[PDB]
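What follows is one structure encoded as structure tokens, with my remarks underneath.
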Amino acid sequence: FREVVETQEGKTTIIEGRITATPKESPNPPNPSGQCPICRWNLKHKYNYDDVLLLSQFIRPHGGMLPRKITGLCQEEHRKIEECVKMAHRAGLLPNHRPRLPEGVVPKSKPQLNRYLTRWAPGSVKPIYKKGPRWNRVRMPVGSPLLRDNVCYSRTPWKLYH
Amino acid sequence: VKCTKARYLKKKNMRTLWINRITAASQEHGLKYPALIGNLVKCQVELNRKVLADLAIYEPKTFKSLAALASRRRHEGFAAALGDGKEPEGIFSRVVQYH
Amino acid sequence: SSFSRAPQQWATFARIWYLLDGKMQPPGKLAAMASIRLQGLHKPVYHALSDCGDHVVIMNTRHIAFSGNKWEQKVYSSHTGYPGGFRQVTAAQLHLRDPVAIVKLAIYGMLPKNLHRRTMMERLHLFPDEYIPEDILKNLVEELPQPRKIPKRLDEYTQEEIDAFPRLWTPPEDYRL
Amino acid sequence: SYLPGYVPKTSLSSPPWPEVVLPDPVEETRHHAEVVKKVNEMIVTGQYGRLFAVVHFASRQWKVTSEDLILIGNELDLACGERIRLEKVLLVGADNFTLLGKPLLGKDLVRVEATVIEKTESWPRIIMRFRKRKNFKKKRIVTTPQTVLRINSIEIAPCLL
Amino acid sequence: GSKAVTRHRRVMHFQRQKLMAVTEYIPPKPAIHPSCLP
Amino acid sequence: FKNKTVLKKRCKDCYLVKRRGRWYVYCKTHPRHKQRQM
Amino acid sequence: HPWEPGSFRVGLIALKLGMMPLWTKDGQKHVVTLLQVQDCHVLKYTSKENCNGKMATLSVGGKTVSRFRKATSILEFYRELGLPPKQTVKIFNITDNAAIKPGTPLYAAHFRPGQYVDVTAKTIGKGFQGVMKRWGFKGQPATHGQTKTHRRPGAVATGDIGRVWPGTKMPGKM
Amino acid sequence: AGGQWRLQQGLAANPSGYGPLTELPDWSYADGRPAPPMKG
Amino acid sequence: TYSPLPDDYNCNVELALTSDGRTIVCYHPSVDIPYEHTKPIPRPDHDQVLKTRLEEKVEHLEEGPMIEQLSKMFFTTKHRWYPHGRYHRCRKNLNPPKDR
RNA sequence: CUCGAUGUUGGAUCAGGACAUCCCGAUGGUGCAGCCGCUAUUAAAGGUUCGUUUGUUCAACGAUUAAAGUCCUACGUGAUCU
Ligand code: FES
Ligand SMILES: [K+]
Ligand SMILES: [Mg+2]
Ligand SMILES: [Mg+2]
Ligand SMILES: [Mg+2]
Ligand SMILES: [Mg+2]
Ligand SMILES: [Mg+2]
Ligand SMILES: [Mg+2]
Ligand SMILES: [Mg+2]
Ligand SMILES: [Mg+2]
Ligand SMILES: [Mg+2]
Ligand SMILES: [Mg+2]
Ligand SMILES: [Mg+2]
Ligand SMILES: [Mg+2]
Ligand SMILES: [Zn+2]
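Chains A, B, C, D, E, F, G, H and I, in that order, give the protein sequences. One rule links them: number in this note's numbering = place in the first sequence (from 1) + 41. One rule links them: number in this note's numbering = place in the second sequence (from 1) + 10. One rule links them: number in this note's numbering = place in the third sequence (from 1) + 47. One rule links them: number in this note's numbering = place in the fourth sequence (from 1) + 3. One rule links them: number in this note's numbering = place in the fifth sequence (from 1) + 26. Here this note's numbering is used: position 36 in the sixth sequence is 32, and no number is missing along the way. One rule links them: number in this note's numbering = place in the seventh sequence (from 1) + 182. One rule links them: number in this note's numbering = place in the eighth sequence (from 1) + 5. One rule links them: number in this note's numbering = place in the ninth sequence (from 1) + 54.
As structure tokens, this is what we get:
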């Protein structure tokens, strides 16, 4: 990877970039014919939001997602991991990938509510004041429809709407 | 008239009671009710639910044996389904044929 | 068992004290467990008229976790009886107002809708934190397994686990990550 | 060090249930013979107390033991005091062992005897039908013949091989 | 009753509703996604 | 902001952004182009 | 202890003597109510822990009454306190630094001119009253044919709900 | 329960159907004499 | 080492088939509680010149407070404690049938 | 549905509710300089006048008001009245 350091010496600023250590993909993928990191390791349909060991490889130090052109993921898998990372952040499973705060900023205390499988952003959702009849019930989404094809070990399929 | 129609409900409620009691007894051994009833039939054990409920209350050691038998037969089913026919039939999966 | 008739009856119909830890658990799965125990449906000697329910003690109800966006979407409705008395609050608002209401209401709705329900609720003991009175603490018998497995945060993984998972891709050396 | 089907460990890489490995059928056949012999010796040496059995009689099953009474819901064409054998035994259990038929135990293995002690009729059973506004009303009373049986003895023989 | 041709989509008899649900097109699903192969 | 079921960019400076769970059209050059998803 | 921001001190119990006018230096007339503190003493102190509430409390009593007319439990309480029984006892929420020893007398100079106070008491009892006096309903006309309907409530609800809402204004004790 | 399974082994779906559990004699005389055939 | 169920709580279950395969033999001896898994029973619970006499501390309580005490003691609702009328009291069977 | 009866307009009395907001609050746009307006988003806690003619609901008119809102409630309400 490449870093950038800004140093001000004698009323003069010097901008430089250095190449740091870069991690390498593990040798001998079980499926060399695979076209992306996911299918090269037979991971398609076999990872979830809480698989941070997988998810953490495709995000930036501050929690941002990495471009698809750099990681090599396909559009389908890149979108699945994108949703998985949002749910991982909301679940509190990435405590060392928090947003960068400018000097002098200390967030004010906010109510702590444990949550998981959170599709939407908390602030953008309204209460369900009118539930509606049984034949037209307003449902609360749980999980993501992108993961509908994940391997199901139970006879009941994933319920995405509660 | 209620007394006459109650004869249907009595039989219905009794079987509901046995299933609840068998379900409670099965959970003590980590088995769900469908697994116990389903696999006991596959072992040619024709004990009905009335007797199964009585055994759970008054014969707790025999019921655990029945739960173990059903659990054993259940694991044999999984092994068979996972196999491609290479494996022989399970010891408890063999059916006694009559003629 | 060779017991005397009265000790035999006492033992079989005794009330057990169960402990449940609600930390990071969905209230519904907690309620599903407590509901079975409060009714006595976990006993082979169960009968509705046998008053064979047990005691359920749930701790850490302040730390329950909903899936999805239920904190914002789930609404609790009540009516004081007076004109304009209809009140609707989200789960988040109710949780901060009363740290046992969510778990209590989930259990109350799962119990049978009969005159025994309020008696079963007398056998339910909810505590928002890890403090339990000494009397209730002394009579506990068994702790029930948590219904939901709590996922590990990335900072909780041991280096053995991190090393075991392969690196899946090779980033470019000239990329400003 | 990765096989063609190797999958890194994730929450969905493998099934939630634990892996179960059943015993070797050859080894288990020997272990089974030991268990059968051990239980057989308990019968020969009389290391059991009160026995119970599940018997199929009159379409239904009865968990019975010595000195029990059972109320059969029909006539049996037997004089009172006559001793009979119950031939359909699904289960016979002791304190420390239980034998299960598939579905019935052999007659040589277990013998359940019973005695007729009463032949009577049930109390009156009302059968009434009614449909509102249709002048539809009828009443019938039925008494069903019954037979009371006392279970005299449950005996098992050492025929487990 | 309503006529055979209506301005709104007429409700179907439940048996017919079940018929439609059971006869829905099922596309051929390949064993391995074609995008995951050379 | 005018409520619109179909959002359309009216000039080259209009940009689509999703905020508070719904899509908006914002325009700094012509504020009259601002639209809210209905 | 010295006064601190956020501190709450005890109040008083007084008897309402009557009303009187007074004029300010600008010429304005202000009527005032005279409140006499008659044998006001602190009776009990309850710590914040035992109160069952957010704050500690201090019990105050006012006006001596005859011991021949009080319950035995009340008399033995006052016997231990060393004071004669009081007609009314009120509970004052206070902060820990404002606690006063039971038995301390309280005086009108507890308050100072320029301060603002709240006064709580039982209102004058008017017995069972109709809606006009109780709730200020208009009633019905005096003439133009009104038949035995001049001070009545009128309609009490709508026909649809087939009931009367809780809290509906009706005749009752005022 | 088990109706489909029994059919797969060539048995009646209902265990009350044909087979030894139902058709064999319920009882016999203690001495040994067989009982008259059941009416069913 | 395979066991269908854990053998540490109720009994040691051993399943076997006869040589012919027509009978299932179940050997299930009881498991006794180990001594190590038990607690010791809590047997442990002045110049007074005057004989210590029994003092009756059973002060009569009103209906309300008494019912509140009983309900809290047995974890019930108040309703179970209130009386019933003569019609119900006299319908109750005072010589009910008894089985064993 | 009700004719072995579910009393029929307007008004008085007392109002419950909806928000598709007349006034008061908060915002976006404007052919919005300002003062006044127009349009849209959000808001139903609180408020929403007195008179002449007419049985009137309405309507017209006079004088006001921050405003004199639109509806539902058996065209709310006669075992309360007219
Ligand atoms: S190409 Fe295989 S998952 Fe993307
Ligand atoms: K009519
Ligand atoms: Mg037609
Ligand atoms: Mg008075
Ligand atoms: Mg008047
Ligand atoms: Mg008159
Ligand atoms: Mg008059
Ligand atoms: Mg009539
Ligand atoms: Mg109103
Ligand atoms: Mg609005
Ligand atoms: Mg209003
Ligand atoms: Mg009307
Ligand atoms: Mg009248
Ligand atoms: Mg009326
Ligand atoms: Zn524009």
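Where a beta carbon is used, it is the ideal one built from N, C-alpha and C, also for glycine.
Counting C-beta neighbours from all protein chains within 10 Å, is the total for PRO11 of chain D 16 or more, i.e. buried, or is it exposed? buried
With a threshold of 8 angstroms between beta carbons, is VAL115 of chain D in contact with chain I? no
Through-space distance from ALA79 of chain C to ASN116 of chain C, alpha-carbon basis: 21 angstroms
Residues of the segment 13 to 27 of chain F with a CB closer than 7 angstroms to any CB of chain A: list them in chain order, please. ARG16, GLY17
In terms of alpha-carbon separation, which member of A:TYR202, A:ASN72, A:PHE42 lies closest to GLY8 of chain D? A:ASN72
Kindly say whether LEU141 of chain C, judged by its beta-carbon, lies nearer than 8 angstroms to any beta-carbon of chain A. no
DSSP three-state label for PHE133 of chain D, please. strand
Under a CB-based cut-off of 8 angstroms, is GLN64 of chain D close to chain B? yes
Can you pull the chain I neighbours of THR166 of chain C, defined as C-beta to C-beta under 9 angstroms? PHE129, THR130, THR131, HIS133, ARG134
Given a cut-off of 8 angstroms, decide if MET314 of chain G and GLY307 of chain G are closer than it, judged by their beta-carbon atoms. no
Name the two residues that bound the continuous beta strand (DSSP E) containing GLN37 of chain B. Segment 12 to 37 is the alpha helix (DSSP H) holding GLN37 of chain B; no beta strand (DSSP E) there.
Kindly say whether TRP32 of chain H, judged by its beta-carbon, lies nearer than 8 angstroms to any beta-carbon of chain D. yes
Residue range of the beta strand (DSSP E) that includes residue 140 of chain G: Summary: the structure shown does not reach residue 140 of chain G, with chain G confined to residues 183 through 356, and so no result is reported for it.
My understanding is that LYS0 of chain F touches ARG32 of chain F, with C-beta atoms under 8 angstroms, so please give their C-beta distance in whole angstroms. 7 angstroms
Which residues have a Cβ closer than 6 angstroms to any heavy atom of ligand 15, listed in chain order? F:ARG6, F:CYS7, F:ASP9, F:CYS10, F:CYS23, F:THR25, F:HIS26, F:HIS29
Whole angstroms is fine: what's the gap from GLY173 of chain A's alpha carbon to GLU123 of chain A's? 32 angstroms
Below-8 angstroms beta-carbon distance, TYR194 of chain A vs any chain D residue: yes
Secondary structure at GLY15 of chain H, three-state DSSP: helix, strand or coil? coil
List the endpoints of the continuous alpha helix (DSSP H) containing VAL39 of chain D. 28 to 47
First and last residue of the uninterrupted beta strand (DSSP E) at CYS77 of chain A: Note, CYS77 of chain A: premise wrong, no beta strand (DSSP E); not H, not E.
Going along chain A, which residues have a C-beta under 8 angstroms from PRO56 of chain E? What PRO56 of chain E touches in chain A: nothing, since even the nearest Cβ is about 13 angstroms away.
Residue of H:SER21, H:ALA18, H:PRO25 minimising C-alpha distance to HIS109 of chain B: H:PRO25
Enclosing alpha helix (DSSP H) for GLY52 of chain D [first to last residue]: Taken as a continuous stretch (DSSP letters only), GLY52 of chain D belongs to no alpha helix (DSSP H), as it is neither H nor E.
Starting from the Cα of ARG120 of chain A, find the closest Cα among A:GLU144, A:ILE55, A:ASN89, A:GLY145 and give me that residue. A:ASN89
Here's a check: name, in chain order, each residue in its chain whose Cβ is nearer than 8 angstroms to the Cβ of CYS233 of chain G, leaving out the five neighbours to either side. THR239
Give the range of the beta strand (DSSP E) segment to which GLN64 of chain D is assigned. 63 to 68
Below 7 angstroms between beta carbons is the criterion; list the residues of the segment 83 to 108 of chain D that meet it against any residue of chain B, in chain order. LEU93, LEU94, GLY96, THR101, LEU103, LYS105, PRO106
Between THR32 of chain D and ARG83 of chain B, what straight-line distance do the alpha-carbon atoms span, to the nearest angstrom? 16 angstroms
Using a C-beta to C-beta distance shorter than 9 angstroms, which residues of chain I count as neighbours of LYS71 of chain B? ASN64, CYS65, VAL67, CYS80, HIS82, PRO83, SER84
Going along the chain, which unbroken runs of the alpha helix (DSSP H) with 4 or more residues stay wholly within the segment 116 to 188 of chain C? 117 to 120, 138 to 144, 148 to 157, 164 to 168, 181 to 185
I need the straight-line Cα distance from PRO94 of chain I to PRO88 of chain I, nearest angstrom please. 13 angstroms
Rounded distance between the beta-carbons of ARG62 of chain C and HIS102 of chain C, thought under 8 angstroms: 6 angstroms
State yes or no: is the C-beta of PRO266 of chain G within less than 8 angstroms of the C-beta of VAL224 of chain G? no
Enumerate in chain order the residues of its own chain whose CB-to-CB distance from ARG131 of chain A is below 7 angstroms, with the five nearest sequence positions on each side excluded. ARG156, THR159
Examine ligand 1 and report whether any of its heavy atoms sits within less than 7 angstroms of the Cβ of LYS55 of chain E. no
Check whether the segment 140 to 150 of chain I and the segment 177 to 190 of chain C touch, using three or more Cβ-Cβ pairs below 8 angstroms as the test. no
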